[PDB]
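For reference, the structure discussed in these notes is given below.
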Number of protein chains: 10
Amino acid sequence: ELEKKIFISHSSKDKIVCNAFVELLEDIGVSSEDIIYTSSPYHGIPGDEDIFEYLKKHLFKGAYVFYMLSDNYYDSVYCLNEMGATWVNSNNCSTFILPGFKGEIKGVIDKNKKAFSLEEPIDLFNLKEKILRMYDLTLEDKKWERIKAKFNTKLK
Amino acid sequence: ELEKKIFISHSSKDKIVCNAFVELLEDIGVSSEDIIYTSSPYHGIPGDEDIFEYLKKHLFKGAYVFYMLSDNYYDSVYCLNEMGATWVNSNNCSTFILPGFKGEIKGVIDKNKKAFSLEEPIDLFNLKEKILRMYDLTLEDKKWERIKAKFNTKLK
Amino acid sequence: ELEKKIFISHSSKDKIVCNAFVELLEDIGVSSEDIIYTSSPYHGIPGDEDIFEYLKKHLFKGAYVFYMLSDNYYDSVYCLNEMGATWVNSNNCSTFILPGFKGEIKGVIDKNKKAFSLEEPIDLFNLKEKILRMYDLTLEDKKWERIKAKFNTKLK
Amino acid sequence: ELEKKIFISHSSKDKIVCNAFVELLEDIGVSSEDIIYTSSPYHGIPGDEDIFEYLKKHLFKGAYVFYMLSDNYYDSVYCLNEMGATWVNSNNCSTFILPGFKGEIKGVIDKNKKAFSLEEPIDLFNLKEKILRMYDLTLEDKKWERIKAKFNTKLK
Amino acid sequence: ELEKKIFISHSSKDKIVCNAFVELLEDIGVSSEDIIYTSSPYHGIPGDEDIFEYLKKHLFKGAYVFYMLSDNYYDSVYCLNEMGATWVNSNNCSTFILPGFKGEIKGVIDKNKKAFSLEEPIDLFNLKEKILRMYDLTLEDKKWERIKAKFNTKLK
Amino acid sequence: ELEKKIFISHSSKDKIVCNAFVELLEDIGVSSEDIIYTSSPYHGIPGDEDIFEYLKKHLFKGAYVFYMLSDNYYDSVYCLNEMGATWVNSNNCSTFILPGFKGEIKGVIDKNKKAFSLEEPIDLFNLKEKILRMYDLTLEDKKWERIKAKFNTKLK
Amino acid sequence: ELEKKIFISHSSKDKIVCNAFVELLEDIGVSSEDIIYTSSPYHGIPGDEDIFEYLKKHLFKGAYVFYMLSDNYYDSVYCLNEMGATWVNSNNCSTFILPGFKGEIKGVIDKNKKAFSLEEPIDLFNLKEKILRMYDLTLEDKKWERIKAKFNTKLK
Amino acid sequence: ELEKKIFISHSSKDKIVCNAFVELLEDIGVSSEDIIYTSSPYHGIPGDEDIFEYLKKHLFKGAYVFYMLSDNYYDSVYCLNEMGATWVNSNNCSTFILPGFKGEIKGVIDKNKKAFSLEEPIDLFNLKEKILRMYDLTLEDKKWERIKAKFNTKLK
Amino acid sequence: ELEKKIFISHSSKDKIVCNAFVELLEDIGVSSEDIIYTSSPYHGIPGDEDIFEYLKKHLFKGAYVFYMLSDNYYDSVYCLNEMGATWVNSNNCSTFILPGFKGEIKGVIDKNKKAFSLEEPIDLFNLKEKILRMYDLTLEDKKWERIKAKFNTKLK
Amino acid sequence: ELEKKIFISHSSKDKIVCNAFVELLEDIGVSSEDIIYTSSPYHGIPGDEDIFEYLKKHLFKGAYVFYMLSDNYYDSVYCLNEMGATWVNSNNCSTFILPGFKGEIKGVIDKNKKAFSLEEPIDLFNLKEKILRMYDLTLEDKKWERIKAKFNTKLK
């Protein structure tokens, strides 16, 4: 049912990079309602709602999970619980290596899967093509340079 | 399907105590084929079978999970992934406190549930009654004293 | 009986923010005879009445309670007694984090329920939508900007 | 329904005095299945049950609450929520000043009700007479001296 | 011809506020191919083109003009030349008082036409309604409370 | 006549352990007036009474005797005279090996009769069954796990 | 009458090996109430009973006697009187060489009868088959390997 | 074509353990013309033949590989080349941890596939059942005990 | 005649940036023969050839001249002479601000012509489009994301 | 199927020299979509693909393989597995001795096949001629001098 959503599994200590990533996803043309990002007031959890039950519903109905791996991802319990919850159900997933992560991919995640980096223009081009293939969208060159500049200046 | 099995989540650094615990169950009348303790040659994963897929089959089919909580259950990625896998599926659960766990319950595990201790005679009596109610068995007092003595000497 | 009334639980040291909040509630179109705010001469306890008997009569009848959670709310015996009363009675409840509060939600109040903030414009929009849905009201954009500006000026 | 049961409200930092008090309660002739002392393995919450739901049901049903007033009863949130819970429901109550407490009775508890001390023999005689009258029991003098000696030895 | 293209007359020392204003114009839904903001690489003069003939053609063709007046708009020969060209050609005009400008509207621009302030929620609401009516657009409140927050954060 | 009484022969140097033993009986359901223990103020000899005539009369009438055998029972004259009186009168008797005794059962006591240990849980279960069958009593497990814990902690 | 009961003749010094052998007998499926192992509390002599009269009655009624021949068996009187009592009555008997016994069989037990050593897998298989034939039981291979490993670990 | 053979990858420094393992395989009923153990004159490379072309043909045509993993297995280049050759060809394979190998699996062989240890009787029972199911053979319990004794003597 | 040939006018103290620029031009698909960059052994002046006459033969016949403007370009005597030689003949021209040039354009170069900066992705996109328009070439994205990366890594 | 592709086996510690060699391969005329160099983002494994199955398919389909033999090529397990895969599959092979390697050619690759050096002009000429004959290309000396200088500078 919810296969079209994008559950961005992350840590709260990676706020800025994940914010920039979500903003780029919006810029390419992803509807702002399809990103279940629980660290932004505009995609977070509705008020007067159960947090964990709200997450469980989305994970159970099937959501494209995004592991934004980093050191803090493996230092937080809830992130590993989410990894297990998406492993057992066999939800569509994808790994994203945040800058500065030189560690080992532990846990029950598929360790023999190629991860997406976010460090050089070719990486961003590959990610853009991935998203456009996923949601069947279209983007033009001038816009792509503008978005790339925005993302790069956000990280800096 | 596999609602009558027991999945003893644990850390391999707590091999001794858990061992005794599982043995206790077999004394009360739990068939040795129900426990899926994966740190004993007689209950572990059969040879030439994928480990993680084998565990996932049982967790997905609805094994009655036991959380053998301790300072090591929160310092192992696979145990937290197991916690997450049981959380999102709504598997029947039950907490257990290993001796010396003077700490806080974290993660998505129900923090307001009542845990079972394994220190005093009343604790073991309550656990025995729990298991007897679960599997619909009967026991005699003399057997119970023998089993309790065995368990206590094993822990020491 | 008193299901449609609002019992604004608060600490007397947060008078200004609660005054602005209740004034905004009235502005949106909530009749001033429903709000029960015992730090204002116009909603407080009538004269020649028993304070605690009046408050208990209102709570026991099912007043929709709002928790003005802040640092002074958890340093006031009477406020915690109101929290316990509404907890046991199972009254409809809603949490509101006053500006500047970054603590932990202790007590028997549901800790996994999402709280309403009062900092960004989106929080006030969500609060306005909640109130309009609750009381079946309507509002116009111009009035909304005027009310928001009034609230911001009051807090400033 | 639960008028006869005794709900011993207390703080977890007053375990020794409350243990002596509850043991004396049992000695006088009160069956241990009525006391709902929560810091005792033989009176606490059954395993696999919700803590707060259990306590809330017991209070809502009309348990005869006892206040163990001390310097820690007014430095513990949950105790004050219990106070408010028993205040709003109008449950039968009774104050008990633990030894060493010389403070002021705050909160919504009746401040003009006479409290029970636990220091001198006349206080224990009055408490014993209260319990015997409440539960319609009988006692003999020799047993009373033995119980008093046991209590005083426990406190020392 | 170029009647639907916004020409943004401004000084080069007020580039931050004009950048925020143009970004808001784009957010409401104004195509980036219309705004002519010669202090931005994505809206400025194409390379290998005459700087002044380009603006001369754009003004002569009838571009809607926005006067971003401030203390620098009256200290720049080129800005006053654009004002004169707009006055002589009788192009559609709209005034805009940048924050901090509390002076007289000199020159040949209509001193009786009402200006558009940008320093309060009602002003931004009026500007948004003006633009939506101008280009026959549509906007939703949930997006508006985010766009306004973006603008305020930029100006702050 | 006094067959229903119990005469606990012992040595004062074993005051502690013997004490606990007597209390255990009192918990099982033994009337406190049927235990003639001459080292506790509540069972000892009355005042203004001959110390030795009391014991002589009680032994003559046929009190059941429990030999608390230890290294001090064989280093105290009076204990040996009590053993001789029991032997000559042929009163019902039972041996009890206190923790620590590893010597030989000397004297005129029947050396072939099996003793009663008080070390392991099975020994306490056998003692409980003996007392229950002797005095025609009844007990419940939930209270036995508490009585045994009391005994063990007192001896500890 | 008691021909279905086992009587394990042995010396108290050879305790560990006999304990392991009795446990092996119990796991094979022999009721724990048939083995008469006086060095174990769970099969020993009931309290307040004549030791020698009890053993004499059990041997007179009839019982298989397993001679745990060893060096200490021929250095203890009571073992030799047990052997003589078995011989005179024509009780069914079996021999069981304990590890390390490289001496000569003496006394009145048939010196030509074949004994049951226990120091290799084949001996344990033969013993298991003998016991199964005796009591008409059934065993499975996996359980047999588990029991063999347990016994070997205990002897080690 | 040669899928019924058993290619036994190993290192020449593990001659004794692999010799015992191959002898056990033959004893269970595996024809000596199937095993291709290189370090034995009765299963080695026939004379006047290319050393490597023979193994190349056997691996290419299909052969059940037996990774006899150990420390010396990861210091021999040829062993790693055989590992790669069987990996790319998709050859049926199994893993066997030799005694004393405390390391971790590396290379391109499934690290999540369960292996067959050879330490305890249950491991040998599992291996025996595996082989019997593989080649559709039969065995007798006494024969199995003799074979296990021989293997243990060889390994000792 | 030589209108196709490019004539990169520069200063020898801007060697690195001009080298990177020429390499980018070559990568896009400009024949290495066309560029008349004189600071490279591969495009410079042949041997045994007059320098100034060789440059004049190209400037006179017509050649797209690129002005790599910088502080050093206005600090040399030959660069200004090339500027005048291309001004008098009216050869096709193009300006290029090398990074760090914050000065004012002087001389007889058209000072109202928009110049190509090289700092940000949009500038390089515009340059690429200009060159593709010039020489009628085609370039794919995956190649551009690599050529651009080469350029920035060289300039860094 | 993949006879016209190049697979470049190497260690990850010799990435600089292999990068220079691959750049030279592209310079000579080899299309960039034929070199499979997994240490470069532009030739590596596409994202969201199995790392090992991709190389397995490429090798199984018959990719021309170059062995970047060196000291680090014999300390890597994966390289020795690719060597075995090529040996068993009989893929076309070519050796390349990286600078500084003065050891023995072990493994299962032809030790009597002459290798290719990369340290003197004649070696690079031979490599260039080999590649040109392989792919049926053409090159000019004026370009060859620049390519050789580039390679030498890169290695320097």
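In the structure tokens, chains take the letters A, B, ... in the order shown, each chain's residues start at 1, and ligands count up from 1 in the order shown.
Every residue of range 9-154 of chain F found in strand (DSSP E) when DSSP is run on the backbone appears here: residues 9, 35, 36, 64, 65, 66, 67, 68, 69, 93, 94, 95, 96 and 97 of chain F.
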Could you dump the residues just selected with C-alpha atoms as a PDB file, in the first residue's frame?
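Below is the file again03.pdb, written as the result:
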ATOM      1  CA  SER F   9      16.989 -29.852  73.516  1.00  0.00           C
ATOM      2  CA  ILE F  35       7.226 -25.398  71.839  1.00  0.00           C
ATOM      3  CA  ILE F  36       9.164 -25.632  75.104  1.00  0.00           C
ATOM      4  CA  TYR F  64       8.426 -34.931  72.003  1.00  0.00           C
ATOM      5  CA  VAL F  65      12.169 -34.246  71.894  1.00  0.00           C
ATOM      6  CA  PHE F  66      14.344 -32.789  69.127  1.00  0.00           C
ATOM      7  CA  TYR F  67      18.105 -33.255  69.589  1.00  0.00           C
ATOM      8  CA  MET F  68      19.879 -30.263  68.013  1.00  0.00           C
ATOM      9  CA  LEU F  69      23.119 -32.191  67.676  1.00  0.00           C
ATOM     10  CA  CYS F  93      12.506 -38.309  69.766  1.00  0.00           C
ATOM     11  CA  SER F  94      14.115 -37.054  66.572  1.00  0.00           C
ATOM     12  CA  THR F  95      17.670 -36.012  65.727  1.00  0.00           C
ATOM     13  CA  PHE F  96      18.578 -32.814  63.863  1.00  0.00           C
ATOM     14  CA  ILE F  97      22.088 -32.177  62.548  1.00  0.00           C
TER      15      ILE F  97
END
Starting from chain A, keep only residues with some atom at most 7 Å from an atom of chain B, counting only C-alpha atoms, and report them as a VMD selection string.
chain A and resid 56 60 77 to 78 80 to 85 88 107 to 108
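Residues with any atom within 8 Å of residue 28 in chain I, counting only C-alpha atoms and excluding same-chain neighbours fewer than 4 positions away, are residues 24, 128, 132, 139 and 147 of chain I.
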From a DSSP pass on the backbone, collect the residues of range 8-108 of chain I flagged as alpha helix (DSSP H) and hand them back as a PyMOL selection string.
chain I and resi 15-28+51-61+78-89
